[PDB]
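One line per chain: the protein sequences are B and G, in this order.
Residue numbering for the first sequence follows this note's numbering, beginning at 2 and increasing consecutively.
Residue numbering for the second sequence follows this note's numbering, beginning at 2 and increasing consecutively.
Scroll down for the structure; my scribbles are underneath it.
Number of protein chains: 2
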Amino acid sequence: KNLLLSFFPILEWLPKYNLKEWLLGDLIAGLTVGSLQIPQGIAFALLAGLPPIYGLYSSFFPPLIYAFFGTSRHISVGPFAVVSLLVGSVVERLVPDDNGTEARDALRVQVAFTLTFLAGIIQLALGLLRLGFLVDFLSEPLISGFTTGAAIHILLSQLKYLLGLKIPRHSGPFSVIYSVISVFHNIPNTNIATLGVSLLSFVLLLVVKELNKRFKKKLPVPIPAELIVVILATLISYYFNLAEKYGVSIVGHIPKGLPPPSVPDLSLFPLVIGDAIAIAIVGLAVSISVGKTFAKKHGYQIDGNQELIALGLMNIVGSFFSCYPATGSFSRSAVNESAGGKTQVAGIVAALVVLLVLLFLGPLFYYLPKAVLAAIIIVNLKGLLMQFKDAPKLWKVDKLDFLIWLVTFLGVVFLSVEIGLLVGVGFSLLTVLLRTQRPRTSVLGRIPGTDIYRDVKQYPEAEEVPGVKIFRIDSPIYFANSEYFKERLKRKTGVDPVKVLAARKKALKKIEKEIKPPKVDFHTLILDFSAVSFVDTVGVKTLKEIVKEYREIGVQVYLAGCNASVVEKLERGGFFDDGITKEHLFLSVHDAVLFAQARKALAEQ
Amino acid sequence: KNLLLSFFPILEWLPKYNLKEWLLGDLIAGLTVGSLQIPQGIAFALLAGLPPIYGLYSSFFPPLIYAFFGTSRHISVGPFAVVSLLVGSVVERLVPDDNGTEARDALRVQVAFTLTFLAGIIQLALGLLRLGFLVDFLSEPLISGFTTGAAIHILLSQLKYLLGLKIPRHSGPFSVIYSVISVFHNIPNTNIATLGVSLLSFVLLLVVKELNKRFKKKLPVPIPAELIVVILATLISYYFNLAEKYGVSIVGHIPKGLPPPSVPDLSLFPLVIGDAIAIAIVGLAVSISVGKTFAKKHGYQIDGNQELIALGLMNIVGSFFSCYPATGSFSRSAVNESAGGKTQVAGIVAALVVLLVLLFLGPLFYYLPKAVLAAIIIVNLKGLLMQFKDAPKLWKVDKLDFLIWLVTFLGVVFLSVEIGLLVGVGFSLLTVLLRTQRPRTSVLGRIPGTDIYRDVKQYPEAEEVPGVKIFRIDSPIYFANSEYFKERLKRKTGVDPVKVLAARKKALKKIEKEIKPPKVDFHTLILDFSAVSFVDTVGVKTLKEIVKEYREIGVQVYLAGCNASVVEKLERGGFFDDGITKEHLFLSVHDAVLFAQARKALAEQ
Ligand SMILES: CCCCCCCC/C=C/CCCCCCCC(=O)O[C@H](COC(=O)CCCCCCCCCCCCCCC)COP(=O)([O-])OCC[N+](C)(C)C
Ligand SMILES: CCCCCCCC/C=C/CCCCCCCC(=O)O[C@H](COC(=O)CCCCCCCCCCCCCCC)COP(=O)([O-])OCC[N+](C)(C)C
Ligand SMILES: CCCCCCCC/C=C/CCCCCCCC(=O)O[C@H](COC(=O)CCCCCCCCCCCCCCC)COP(=O)([O-])OCC[N+](C)(C)C
Ligand SMILES: CCCCCCCC/C=C/CCCCCCCC(=O)O[C@H](COC(=O)CCCCCCCCCCCCCCC)COP(=O)([O-])OCC[N+](C)(C)C
Ligand SMILES: CCCCCCCC/C=C\CCCCCCCC(=O)O[C@H](COC(=O)CCCCCCCCCCCCCCC)COP(=O)([O-])OCC[N+](C)(C)C
Ligand SMILES: CCCCCCCC/C=C\CCCCCCCC(=O)O[C@H](COC(=O)CCCCCCCCCCCCCCC)COP(=O)([O-])OCC[N+](C)(C)C
Ligand SMILES: CC(C)CCC[C@@H](C)[C@H]1CC[C@H]2[C@@H]3CC=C4C[C@@H](O)CC[C@]4(C)[C@H]3CC[C@]12C
Ligand SMILES: CC(C)CCC[C@@H](C)[C@H]1CC[C@H]2[C@@H]3CC=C4C[C@@H](O)CC[C@]4(C)[C@H]3CC[C@]12C
Ligand SMILES: CC(C)CCC[C@@H](C)[C@H]1CC[C@H]2[C@@H]3CC=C4C[C@@H](O)CC[C@]4(C)[C@H]3CC[C@]12C
Ligand SMILES: CC(C)CCC[C@@H](C)[C@H]1CC[C@H]2[C@@H]3CC=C4C[C@@H](O)CC[C@]4(C)[C@H]3CC[C@]12C
Ligand SMILES: O=C(O)c1ccccc1O
Ligand SMILES: O=C(O)c1ccccc1O
């Protein structure tokens with residue numbers, strides 16, 4: 002049935018896969034991305050405080066499970082920077098660094114599995130409850146701001162490994178500032194040989210990337226820069242023996258063999274539930290953002306809910322099979338697309354490459370210096386750092402879009418990454434109220450010899466109809482802008498009905514005494530409700546007050562243009578039973594003007 | 002100058018005060034409200050953990066300073082329930098209950114003064130930065146929900162004093178639940194004499210209130226129920242000697258003399274800054290809500306910014322003069338209005354009544370049982386508990402307004418009061434996106450023999466113009482609803498321009514081969530942008546994509562109705578330079594239809 006095929010997209014998209022013009026492309030993309038996953042897999046595993054094999058496990062299992070339940074065709078899932086940074090925070094906070102080392106590592110990976118499990122369960126839940134429409138409220142400025150800020154954190158983290166300092170740091174409030182001043186303090190303790198292999202690594206990377214970009218193809222596969230750099234670096238650090246002589250930090254023992262089946266011990270559930278909710282929300286945000294981007298660019302659609310189910314299932318299975326939270330990334334996805342990725346066959350291929358490296362290659366990465374991994378991560382961070390080109394573009398067009406970018410960026414750098422995203426999303430939603438809270442009110446006049454009405458301040462051609470005042474608000478009438486609407490009505494019509502009623506009563510009861518009225522220039526006030534999208538409870542109450550106050554000073558209020566929803570809420574709310582009738586609701590400003598002039602004339606006789 | 006008179010409203014409204022038809026009313030209101038402030042002043046002082054004189058100080062100083070800088074005419078400021086509950090939380094958390102008693106009380110009041118100072122400074126800041134427009138985003142359902150929930154907390158707090166139990170409790174997550182089960186556990190330890198004076202107090206209160214309500218006036222001032230009940234209770238508890246014999250808890254020693262000048266020791270600034278921000282935000286919310294309510298009902302306007310400056314100055318001066326955070330309340334304000342309050346002369350009068358009680362009366366309230374204070378607080382809480390009548394009314398009209406009410410109410414009862422307000426405000430702002438995220442799209446046809454166009458599914462009379470497709474979205478085009486807009490355009494026009502371009506290219510390059518087009522039913526697509534309030538950066542980008550994709554399948558896209566702001570953002574964003582021209586922007590759907598038919602005809606020749 003359609004439910005089982007929608008709950009397992011693999012069973013629907015796999016038979017349709019045309020083996021001739023795609024298979025070659027997806028194999029190329031898979032080999033390219035597997036060659037890129039290995040070094041970054043290890044790197045991001047260190048950045049989360051776990052041993053280095055966990056990167057390879059997280060690069061193998063999640064892409065398989067995603068290929069099965071996933072809806073996107075250009076996303077690459079795996080161990081990503083920001084989730085790795087949040088996992089790391091939790092690990093070292095629940096397990097301080099103080100036989101002993103293996104005991105600490107066992108408790109560390111137990112914490113990591115609990116995190117993966119809980120994050121998977123939260124993502125799965127949001128997907129089953131059909132709450133995936135709320136990932137639409139993640140603006141493009143918000144995600145540009147957020148990923149740029151997170152790239153700053155990832156850049157500062159890899160400075161320490163790049164020089165060879167032994168600095169402790171945090172990801173908490175203002176932690177970037179103390180972290181960079183910590184690097185400025187310990188710069189005299191710079192290892193020279195570490196900086197040497199770092200700069201050698203950077204030189205080899207930029208040479209290989211520029212060369213294989215500009216020079217002739219003569220290749221079905223582009224030159225894997227990161228892989229050959231890792232290979233040359235491990236060979237150099239094994240021959241010249243950097244590790245023991247010069248004290249260059251190297252990757253530890255990488256064990257051979259498939260992952261062991263594990264159980265996330267839920268004794269830690271109340272300690273790590275906060276950071277698991279943060280990991281889940283960050284995972285959804287960046288996974289679905291990537292999916293949507295590539296889907297729009299290649300002309301297809303992803304299901305947000307099925308994406309939350311896919312990411313959730315992926316993380317839960319990984320949790321049991323010795324992994325830490327995986328997620329989509331923009332960097333791998335860009336590489337998987339530019340290599341010629343067409344389907345999730347590319348993901349399956351990449352995972353087979355990491356599989357053969359888990360089984361066979363394995364301990365050849367013993368003599369790999371940590372400085373080469375840090376340099377790889379930096380050169381890959383180019384992409385997200387070039388998103389500072391988005392701050393001026395937003396500035397030129399919309400200053401509130403610019404402020405969403407800036408607020409999220411500064412929130413992420415100068416506070417926590419989770420707090421930065423929460424503050425950004427808050428401000429993102431407030432900008433909608435800020436746009437609608439002082440709407441554009443107008444008094445309309447008829448264009449001479451035409452049955453259309455437009456603003457009199459903007460079109461001096463239009464003349465007001467005698468005895469009829471037409472007023473148009475260009476917004477919803479809700480809690481944010483209802484007091485404003487009532488004020489601007491009483492200001493642009495030049496009549497305050499309560500002041501006029503007070504004046505008339507005072508005049509009539511004073512002449513009653515000496516024996517024993519304020520000139521309103523209209524008999525009808527038409528309200529053009531064409532641009533009134535919706536009305537809330539506070540609007541239906543403000544509209545009832547306007548219609549009553551004008552009923553007391555003898556003015557009829559007609560509505561002209563109300564859409565079906567507004568007329569239904571006005572009916573449920575009791576607008577139509579205390580002055581106004583459903584027969585005072587016209588189709589346009591013209592029909593109301595006519596009925597008004599007519600009523601006046603058929604009363605004079 | 003107008004600045005000094007706007008920064009001191011007293012100097013502007015006091016000379017205009019007409020001594021004949023107001024002075025009598027304001028004196029009555031002041032005496033009534035002073036008679037009500039004394040018992041509640043003491044009560045709310047105990048609820049905050051301070052000694053009982055602090056209620057009287059907080060009932061004296063703040064109303065004076067507010068009368069000087071304040072813009073509202075029916076607000077009564079003083080010690081209020083919810084602020085008292087938050088102050089209490091902070092005091093007992095920084096100063097556990099373990100000579101010793103006076104030392105503890107001194108450190109307790111030091112914490113209270115720091116809180117008052119910081120809260121005042123925050124309120125003052127928001128007022129000077131002109132950020133008082135953000136108190137408009139506090140919906141009426143939100144404040145109904147919030148005050149109803151807070152009345153539940155205040156009711157449960159006064160149960161313990163009412164029976165005579167010695168239960169410790171909290172205001173933290175789920176604290177209501179444990180607190181009521183704590184009361185269910187300790188109900189066998191019920192003092193009988195305490196319950197006796199409680200029920201006697203309730204009987205006297207309801208007798209006096211019903212009697213003085215229904216029976217003849219014969220009085221310029223209504224009968225002060227709370228004052229006579231406090232007086233009878235202290236006389237009874239002094240003669241029959243309840244305190245020592247039956248063990249009934251009584252109010253301690255109330256000292257004679259004016260407040261001592263104090264200094265809030267800012268050594269506690271980083272401990273109490275969180276709870277001071279919560280106190281400030283709750284104070285603004287309920288003070289300005291009350292001011293606005295009474296202003297709307299009596300036909301005047303308050304300045305939000307000057308209100309934040311007034312409340313701030315009030316709290317800072319109080320901080321120095323041995324007070325704890327004051328704020329406006331709905332209960333006192335209702336009483337000050339129903340008594341015949343016209344100006345802040347009523348506030349000055351009430352503060353003079355509390356002044357003479359601070360100086361002279363003073364220790365006559367030694368034998369006052371705490372159960373009588375608790376009963377007074379309960380009978381006053383009637384008002385806010387009768388706001389459960391608002392849940393059905395919202396339910397009937399708008400279900401999102403109902404959900405704002407419910408979310409804030411449950412947030413306040415079953416989590417913290419600060420968290421409840423924060424969650425409520427979040428959801429309040431999300432409901433605006435939820436209303437605009439699936440807007441009402443339509444395909445318009447011309448009404449026969451009329452130059453107006455309306456929906457064809459809603460008005461079967463309207464016929465589509467041949468060769469012209471007219472589409473109208475009824476909302477802003479921003480990040481929340483831009484993908485939706487593009488989808489519904491390609492669905493209701495029945496043409497996907499990218500699929501049609503692909504089909505046409507494929508057909509032309511296959512016939513090119515065998516030798517060596519998809520029928521779009523329109524040449525022009527008019528977009529009625531009358532109801533498009535605004536466009537963000539993501540809308541200008543989605544509109545550029547629509548206009549380009551339709552330029553490739555040979556269709557002209559005209560815009561018809563764009564307001565001046567939308568056309569300016571579309572111009573800054575670069576809509577007008579890659580297909581569309583500023584001459585494709587018409588004034589209404591009719592002018593566009595005409596220009597379209599015309600262009601087609603002048604091309605055929
Ligand atoms: C504080 C504690 C209290 C609680 C938090 C506060 C509560 C929340 C605060 C809310 C405040 C937001 C108020 C905005 C009201 C709407 C009008 C509006 O903003 O539109 C713009 C004017 O205003 C701007 O947008 C100004 C832009 C520059 C501001 C900072 C630049 C930094 C320089 C860099 C320095 C970098 C580092 C340092 C920077 C930090 C005009 O825009 P426009 O193009 O004319 O038309 C667009 C449409 N609208 C919006 C105008 C209708
Ligand atoms: C842990 C629980 C957290 C709960 C969070 C609650 C949820 C958050 C809700 C978020 C709602 C909106 C808050 C954002 C306010 C934006 C401020 C703004 O406009 O400034 C802008 C840039 O200024 C910046 O650089 C802003 C940087 C970040 C914003 C901090 C806000 C306070 C919350 C931090 C929380 C601290 C946590 C501390 C650590 C524990 C410039 O101001 P502007 O005036 O627009 O400039 C133009 C001038 N006019 C003409 C427009 C006037
Ligand atoms: C969970 C963790 C995840 C993160 C948080 C979730 C994220 C945020 C969640 C967001 C979810 C909100 C989705 C709403 C989408 C808009 C449509 C809409 O709601 O309009 C209504 C349908 O829907 C309703 O409003 C349903 C109303 C009843 C619901 C609960 C009743 C409780 C009974 C009491 C029990 C008391 C105690 C127990 C109760 C708890 C229809 O309304 P309408 O009159 O037809 O027209 C109005 C206009 N609109 C809105 C329809 C356009
Ligand atoms: C300390 C830092 C805090 C940061 C807070 C962040 C800022 C908060 C941001 C707030 C944004 C919106 C969150 C509110 C979600 C409303 C849920 C909803 O619709 O349920 C409704 C009632 O359900 C309820 O009774 C809700 C009760 C409260 C809501 C809790 C939300 C989670 C946040 C709590 C934080 C926990 C803190 C824990 C303690 C430490 C019913 O659901 P519904 O589906 O609409 O029903 C109708 C059905 N359809 C058809 C419409 C579907
Ligand atoms: C020590 C830790 C403190 C750190 C510092 C102090 C400050 C703490 C602050 C930090 C915690 C950060 C959590 C939120 C991160 C992202 C938030 C965001 O973008 O907002 C958005 C909404 O926001 C929410 O609804 C927030 C959810 C509530 C989480 C807070 C409860 C924490 C306590 C835990 C309980 C306590 C333990 C239990 C019992 C003991 C979500 O972003 P989105 O992209 O829209 O994604 C939603 C998309 N879907 C859902 C629709 C798919
Ligand atoms: C131990 C404590 C933890 C408790 C439990 C855990 C969870 C913590 C949660 C609880 C803290 C509650 C604070 C907010 C209460 C009301 C919020 C509300 O209604 O939202 C709205 C916006 O929201 C905001 O902008 C929120 C402001 C930021 C405050 C959070 C920082 C806390 C850390 C402090 C720093 C740390 C110490 C410093 C260094 C060490 C404000 O409501 P409003 O009516 O719109 O009023 C605004 C009106 N004006 C401004 C325009 C006039
Ligand atoms: C077009 C894209 C894909 C490739 C562009 C080349 C990128 C990956 C490389 C080429 C040279 C690199 C730079 C070379 C050296 C340094 C100095 C080091 O202390 C910080 C990083 C930094 C500043 C590098 C940033 C990344 C970089 C710009
Ligand atoms: C350093 C981080 C925080 C980024 C900050 C970006 C902000 C503050 C800066 C950096 C780039 C700047 C823009 C760069 C160029 C121009 C063109 C000029 O004709 C008007 C100003 C304008 C449009 C600037 C506005 C302010 C701007 C957006
Ligand atoms: C019209 C308004 C101003 C006055 C109405 C009377 C109010 C103040 C009084 C009159 C009788 C009172 C009730 C009398 C006794 C009890 C039982 C007690 O265990 C809880 C409070 C409760 C339930 C009281 C609530 C408040 C109450 C309803
Ligand atoms: C106990 C607290 C949480 C209050 C909860 C209020 C909610 C859940 C309940 C209580 C009162 C209820 C309303 C009471 C009466 C009616 C009239 C009936 O024709 C339709 C349902 C309707 C409109 C109910 C809807 C649900 C409702 C609003
Ligand atoms: O690739 C990403 O999405 C990314 C996001 C934030 C920080 C670093 C990153 O590589
Ligand atoms: O009077 C109020 O505004 C109030 C608000 C919340 C709780 C108790 C109260 O008296």
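Note that the Cβ used here is the ideal one computed from N, Cα and C, for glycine as well.
Selection from the options that minimises the alpha carbon distance to residue i
i, options, result
"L51/G", "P326/G, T294/G, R215/G", "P326/G"
"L430/B", "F472/G, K397/G, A481/G", "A481/G"
"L163/G", "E227/G, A49/G, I378/G", "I378/G"
"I251/G", "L236/G, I122/G, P271/G", "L236/G"
"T525/B", "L509/B, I554/B, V541/B", "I554/B"
"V466/G", "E488/G, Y479/G, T451/G", "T451/G"
"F322/B", "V283/B, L228/B, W396/B, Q111/B", "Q111/B"
"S332/B", "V318/B, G384/B, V355/B, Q345/B", "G384/B"
"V358/G", "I478/G, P16/G, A30/G, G35/G", "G35/G"
Exposed unless 16 or more other CB atoms sit within 10 angstroms - verdict on residue i
i, result
"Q159/B", "buried"
"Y301/G", "exposed"
"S268/B", "exposed"
"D579/B", "exposed"
"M315/G", "buried"
"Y240/G", "exposed"
DSSP three-state assignment for residue i, whether helix, strand or coil
i, result
"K470/G", "strand"
"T148/B", "helix"
"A49/G", "coil"
"residue 612/B", "The first residue shown for chain B is 2 and the last is 606, placing residue 612/B beyond what the model contains."
"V556/G", "coil"
"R74/B", "coil"
"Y460/B", "coil"
"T543/B", "helix"
"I527/G", "strand"
Identified DSSP bridge partners for residue i
i, result
"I251/B", "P370/B"
"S443/B", "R473/B"
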